[PDB]
Number of protein chains: 2
Amino acid sequence: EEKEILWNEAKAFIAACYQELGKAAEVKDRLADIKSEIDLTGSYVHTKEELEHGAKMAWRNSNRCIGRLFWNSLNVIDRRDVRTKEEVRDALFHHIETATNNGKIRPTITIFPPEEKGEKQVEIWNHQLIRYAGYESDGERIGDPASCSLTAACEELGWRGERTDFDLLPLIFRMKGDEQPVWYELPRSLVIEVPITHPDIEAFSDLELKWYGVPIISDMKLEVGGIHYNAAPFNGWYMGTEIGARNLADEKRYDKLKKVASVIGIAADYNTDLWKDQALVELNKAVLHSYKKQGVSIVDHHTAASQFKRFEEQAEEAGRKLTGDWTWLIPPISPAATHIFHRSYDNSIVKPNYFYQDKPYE
Amino acid sequence: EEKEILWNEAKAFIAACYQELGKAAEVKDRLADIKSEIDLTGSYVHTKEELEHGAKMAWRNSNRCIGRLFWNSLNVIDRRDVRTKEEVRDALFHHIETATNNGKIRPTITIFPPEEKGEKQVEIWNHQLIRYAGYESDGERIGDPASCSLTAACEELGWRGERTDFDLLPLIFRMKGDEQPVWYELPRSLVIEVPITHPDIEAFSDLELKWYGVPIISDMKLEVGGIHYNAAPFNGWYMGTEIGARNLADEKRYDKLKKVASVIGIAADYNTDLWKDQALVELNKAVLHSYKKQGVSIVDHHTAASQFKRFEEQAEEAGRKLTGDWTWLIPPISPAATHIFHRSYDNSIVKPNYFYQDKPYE
Ligand code: HEM
Ligand code: HEM
Ligand SMILES: Cc1cc(N)nc(-c2ccc(CNCCc3cccc(F)c3)cc2)c1
Ligand SMILES: Cc1cc(N)nc(-c2ccc(CNCCc3cccc(F)c3)cc2)c1
Ligand SMILES: C[C@H](O)[C@H](O)[C@H]1CNc2nc(N)[nH]c(=O)c2N1
Ligand SMILES: C[C@H](O)[C@H](O)[C@H]1CNc2nc(N)[nH]c(=O)c2N1
Ligand SMILES: [Cl-]
Ligand SMILES: [Cl-]
């Protein structure tokens, strides 16, 4: 049954992949090879070409992602050769370094060995490779609430956070055959952070806000032709709203809107004053300004939506159906100022793709 | 077949209606009466109690409406007795007067005779009872683009607009048995309008913006227990974003964001400056300020969302399933600042309800 799922997925992927690569004539023989390989081993191994194009197709098919125009320029690093925790750690360090690229962020994915019998070879615990710790105890809240459960798990492994609002979590992952994950502190020289200042309002720096440069999602599964790459961290650059409208603004995250209102000199007393809306706009302006000033890549939601429009056009020109999740594609600030708000999207799931998977802790 | 649809809908409605009204014991005899009445006449007539509660249930079931907390205080005016165009006109004038209530807006619905064989008795052409005309010809655009087709239809009936940006469309409706609709100019004394000024920025008045006080939707069908009330205009007060984030801001509406940016003294040159977002916030502040200053009811999106939360709670307490359309319930400005953004809603259709219907022109 599982083999059949594998073979059916493989047939669909190879046909589509080789079509797009102008290799349609090679489909027949390649499928035969794979079919034999499944029969004998219970699985099959992707060529480097298949793996690279598969990761790109998976991004192209990610319904919730506004950044998909650039799917074909994804930098794919094949690390299916890793066998040791030192190799995994060094690969993750390298990913951070090469993706960061001194601020000129390169969209990158590092692909580790795939699941075998649904058995993971490498199990990454981090949500993102760079993320802040969170703490809550007897009433006191410190750091990023979204990291509370992982932070607590880490402190079960012998790690201890300094309990600033911006402690960098260590890398945490488990190797097949080990009962507990290992953790490694991030070399600070690898991690770019951006202090948040405002172009016009000098007092904004009093909030002492910062965010990290590069979002590197490390807890999703890349599925390509029936092969499950549960460990395959990927990154892009931020859209400013992710930081200014959500990470720093959500009541269940850093919850900074009242403090923002104060430093920009407006009252936070009356709903009809739209002080939350004004604070959100200024915080989002500050985020974009700060990343730009520091030479770290970022995109604003207007430019991002314009690029997404081009992605829609390119899909139509290539004769590919477009899929999207409207509820995630609209930016959380001024959504109706984008073309996305005013059309609809088919939210069908197409593979290859990136999927959520169960967490190994909690 | 149609009778069966009618009888099935009637059974569902009467049972539910009488339950909610504590009249469950009367359901049996009432259903018998209706069943006979359908047999003989092909239809049935609602009691005043049924009609009133039906209109209220229909609002309660309107998935796209954030304002539903107040469903049970809807003022229902029964005008099933009208037979002449003079009576219709006067009823519509009266609706405007009593709903407006000198600025302290009363949510009101006026219900006209229902369709018989799918044959309308009264056919209202207006989208809203008070709405601005729109014009486009050899390149020149005047007024509200969304009203262009109705405006053109009106000018086929002997009416002529002054071609300001805010011409009030006349009431336009057709009686059963007449081939053409009639039109009547709105008495200006009945129509409250609000000039848009800003609490802090004196130059905002240079834009010479205004909007009308009361949104009165006049082109939707109220369906209650299988009876189709195609003519049943209803009103509430505005949520500020409808005016400031959409009517005045949409590129395909009044398209005022660039002019707003200019009068508030910011550049409209760079996406990363978030000038559209800032302009939207100031325009929305001005809308709320202006309606408040003039003593015309309005609600901001934060307060409206808070009321909607109470509506959700009240549904749960009453043991009623909640339905909603997330994509319409989120406000078009700072949606993630509302609780609505962070939950999901079942978009199932429950009757009684209000529905779109085909336009009689174009
Ligand atoms: C290059 C710059 C990129 C930008 C600006 C961008 C933008 C975004 C944004 C704003 C989200 C929504 C996240 C949230 O609200 O939680 C998102 C989701 C997503 N992006 Fe992208 N993205 C980029 C690159 C990539 C890359 C390189 C991949 C993978 C190869 C990717 C795959 C996804 C996926 C899978 C999601 C969905 C996450 C989820 O369901 O929680 N994106 N993207
Ligand atoms: C009392 C104040 C009210 C407020 C603030 C309010 C708010 C809103 C808003 C903002 C919308 C979205 C409109 C759009 O974006 O196009 C809406 C939709 C709707 N409202 Fe309400 N509403 C109110 C009263 C009412 C009343 C009295 C009824 C009927 C009895 C009603 C029925 C609806 C319906 C049917 C829609 C959907 C319109 C469509 O699908 O195009 N509302 N409401
Ligand atoms: C590659 C990339 C670029 C970019 N600019 N953003 C992202 C990105 C950001 C955040 C997320 C996380 N989305 C939410 C996951 C989630 C889902 C449900 C509950 C939760 F607490 C968290 C995924 C991708 C990814
Ligand atoms: C009662 C009430 C109160 C309030 N504050 N707003 C409304 C209201 C406002 C606008 C609308 C119109 N919604 C869009 C109709 C539509 C749908 C599709 C295309 C179009 F051009 C227009 C409906 C109800 C209704
Ligand atoms: C295409 C999309 O459904 C459309 O733009 C909707 C989105 N959500 C909305 N929500 C409201 N309240 N009003 C609208 O006009 C719309 N437009
Ligand atoms: C409940 C709802 O689905 C949830 O709040 C979603 C809405 N749309 C979103 N869109 C993005 N981009 N990111 C998010 O976290 C969410 N949250
Ligand atoms: Cl993030
Ligand atoms: Cl409107």
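- X-ray crystallography is the method the PDB entry states for this structure, with the resolution given as 1.550 Å.

Looking at empty space enclosed by the protein
Alright, step 1. Summed over all chains, the structure comprises one cavity of 30 Å³ or more.
Alright, step 2. Contributing to the lining of the largest cavity are A:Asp277, A:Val281, A:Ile333, A:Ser334, B:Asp277, B:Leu280, B:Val281, B:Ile333 and B:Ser334.
Alright, step 3. Mapped by element, the contributors of at least two residues to the lining of the largest cavity are α8 (275-294) of chain A together with α8 (275-294) of chain B.
Alright, step 4. A total of three residues in the lining of the largest cavity trace back to one element, the largest contributor, which is α8(B).
Alright, step 5. Its residues assigned to classes, the lining of the largest cavity comprises five nonpolar, two polar and two charged.

As for the packing of helix α1 (residues 2-20) of chain A against helix α3 (residues 48-60) of chain A
Residue and element names in this part refer to chain A.
Alright, step 1. The contact between α1 and α3 brings their axes to 11 Å, and the two run at 95°. Between α1 and α3, the angle is such that the two are roughly perpendicular. Contacts between α1 and α3 involve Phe13, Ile14, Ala16, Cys17, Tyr18 and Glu20 on the former and, on the latter, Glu50, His53, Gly54, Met57 and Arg60.

Here's the deal with the relation of the copies chain A and chain B
Alright, step 1. Once turned by 180° and shifted 0.0 Å along the axis, chain A lies on chain B with an RMSD of 0.0 Å. Such a combination of turn and shift is consistent with a two-fold rotation axis.
Alright, step 2. Looking at chain A, 100% of its interface residues are interface residues in chain B too, so the copies touch through the same face.

Observations regarding the coordination of the iron atom of ligand 1
Alright, step 1. The protein supplies the iron atom of ligand 1 with one donor atom, A:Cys65 (SG), which lies at 2.4 Å.
Alright, step 2. Within the secondary structure, A:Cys65 sits in the loop between α3 and β1 (75-78).

Looking at the site of ligand 4
Residues and elements named next belong to chain B.
Alright, step 1. What surrounds ligand 4 is the set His127, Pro215, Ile217, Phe234, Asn235, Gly236, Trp237, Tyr238, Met239, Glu242, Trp328 and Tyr356.
Alright, step 2. Note that a nitrogen atom of ligand 4 is positioned 2.9 Å from one of the backbone N or O atoms of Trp237.
Alright, step 3. Protein chains shield 53% of the accessible area of ligand 4, which is 570 Å² for the free molecule.
Alright, step 4. Within the residue set of the shell around ligand 4, elements represented by two or more residues are β13 (234-235) and β14 (238-239).
Alright, step 5. Within the shell around ligand 4, the residues separate by chemical class into eight nonpolar, three polar and one charged.

Observations regarding the domain arrangement of chain A
All names here are of chain A.
Alright, step 1. Taken domain by domain, chain A comprises domain 1 (1-80 + 107-117 + 221-235 + 305-329), domain 2 (81-106 + 121-192 + 356-360) and domain 3 (193-215 + 238-303).
Alright, step 2. Each of domain 1 and domain 3 was reduced to a C-alpha centroid, and the two centroids are 36 Å apart.
Alright, step 3. Taken together, the six residues of domain 1 in the interface contact seven residues of domain 3.
Alright, step 4. Interface area for domain 1 against domain 3, summed over the two sides, is near 430 Å², with a carbon-plus-sulfur share of 49%.
Alright, step 5. The largest contributions to the domain 1 side of the interface with domain 3 come from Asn235, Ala305 and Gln307, which together make up 66% of the buried area.
Alright, step 6. Here domain 1 and domain 3 share zero salt bridges between them.
Alright, step 7. Taken together, domain 1 and domain 3 are joined by six residue pairs in polar contact.
Alright, step 8. Those elements that place two or more of their residues in the side of domain 1 that touches domain 3 are β13 (234-235) and α9 (301-318).
Alright, step 9. Ranked by residue count, the leading element in the side of domain 1 that touches domain 3 is α9, at three residues.

Observations regarding unusual backbone geometry
Residue and element names in this part refer to chain A.
Alright, step 1. Here the bond from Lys351 into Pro352 is cis, since omega is 0°, no more than 30 degrees from zero.
Alright, step 2. Looking at the element boundaries, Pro352 is found in the loop between α10 (326-329) and β16 (353-355).
Alright, step 3. Residue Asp255 is not a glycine yet carries a positive backbone phi of 55°.
Alright, step 4. Here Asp255 lies in the loop between α6 (240-247) and α7 (257-263).
Alright, step 5. Classification of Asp255 by relative accessible area gives partly exposed; the value is 40%.

A look at the interface of chain A and chain B
Alright, step 1. Contacts between chain A and chain B engage 30 residues on the former and 30 residues on the latter.
Alright, step 2. In this structure, the connection of chain A to chain B is made through zero salt bridges.
Alright, step 3. If you look at where chain A meets chain B, you find ten residue pairs in polar contact.
Alright, step 4. For the side of chain A that touches chain B, the secondary-structure elements that each account for two or more residues are α8, α9 and α10 of chain A.
Alright, step 5. At nine residues, α8(A) tops the list of elements feeding residues into the side of chain A that touches chain B.
Alright, step 6. Looking at the side of chain A that touches chain B, its residues break down into twelve nonpolar, ten polar and eight charged.

Overview of the UniProt feature "binding site: heme" in chain A
Alright, step 1. Under the present numbering, the feature "binding site: heme" in UniProt falls on A:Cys65.
Alright, step 2. Among residues more than four places away in sequence, those in contact with A:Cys65 are A:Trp59, A:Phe308 and A:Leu329.

Points about the site of ligand 5
Alright, step 1. Close to ligand 5 lie A:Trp326, A:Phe341, A:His342, A:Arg343, A:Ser344, B:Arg246, B:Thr327 and B:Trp328, which account for all nearby residues.
Alright, step 2. Nearby residues place ligand 5 at the junction of chains A and B.
Alright, step 3. Between ligand 5 and the protein, one listed contact pairs a nitrogen atom with a backbone N or O atom of B:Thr327 at 2.8 Å.
Alright, step 4. If ligand 5 stood free it would expose 390 Å²; the protein chains cover 72% of that surface.
Alright, step 5. Here the shell around ligand 5 is composed, by residue class, of three nonpolar, three polar and two charged.

Overview of the sheet that holds β16(A)
Residues and elements named next belong to chain A.
Alright, step 1. Pairing in this open sheet of three strands is antiparallel, and the strands run β12-β11-β16 from one edge to the other. Edge positions in the sheet fall to β12 (227-229) and β16, since each has one partner strand and no second. Neighbour to neighbour, the strand axes of the sheet diverge by 30° on average, direction disregarded.
Alright, step 2. The pairing of strand β11 (residues 221-224) with β12 spans three bridges and is antiparallel. Looking at β12, one finds that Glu223 is bridged to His228.

Topic: the environment of B:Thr151
Residue and element names in this part refer to chain B.
Alright, step 1. One can find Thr151 in helix α5 (residues 148-154).
Alright, step 2. Considered as a pair, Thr151 and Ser205 are 54 residues apart in the sequence and their alpha carbons are 27 Å apart.
Alright, step 3. Each residue touching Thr151, except ones within four places of it in the same chain, is listed here: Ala133, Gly134, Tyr135, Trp159 and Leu169.
Alright, step 4. A distance of 2.7 Å separates the side chain of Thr151 from the backbone oxygen of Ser147, its partner in a polar contact.

Conventions used here
- Residues numbered from 1 in each chain as written, not as in the entry; some residues may be left out.
- Chains lettered and ligands numbered in written order.
- Heavy atoms only, no water.
- 1 Å grid on protein atoms, 1.4 Å probe; cavity = no way out; pocket = protein on both sides within 12 Å on 5 of 7 lines; lining within 4 Å.
- Points joined across faces, edges and corners; volume = space filled by probe spheres on them.
- Helix = DSSP H or I, 4+ residues; strand = E, 2+ residues; numbered from the N terminus.
- Nonpolar A, V, L, I, M, F, W, Y, C, P; charged D, E, K, R; others polar.
- Axes fitted to C-alpha atoms, helices over the stretch in contact; angles between N-to-C directions.
- Parallel < 35°, antiparallel > 145°, perpendicular 65-115°, else oblique.
- Contact = heavy atoms within 4.5 Å.
- Least-squares fit on C-alpha atoms.
- Donors = N, O, S within 2.8 Å, 3.2 Å for Na, K, Ca; no water.
- Near = heavy atom within 4 Å.
- Polar contact = N/O pair within 3.5 Å; in protein donor to acceptor, adjacent residues only side chain to side chain.
- Areas by Shrake-Rupley, 256 points an atom, 1.4 Å probe, with all protein chains shown as cover.
- Domains from an automatic or database assignment.
- Buried area = accessible area lost by both parts, 1.4 Å probe.
- Salt bridge = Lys/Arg side-chain N within 4 Å of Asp/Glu carboxyl O.
- Buried < 20%, exposed > 50% of the residue type's maximum accessible area, 1.4 Å probe, protein only.
- UniProt positions renumbered as here; feature names shortened; annotations may be inferred.
- Pairing = 2+ DSSP bridges.

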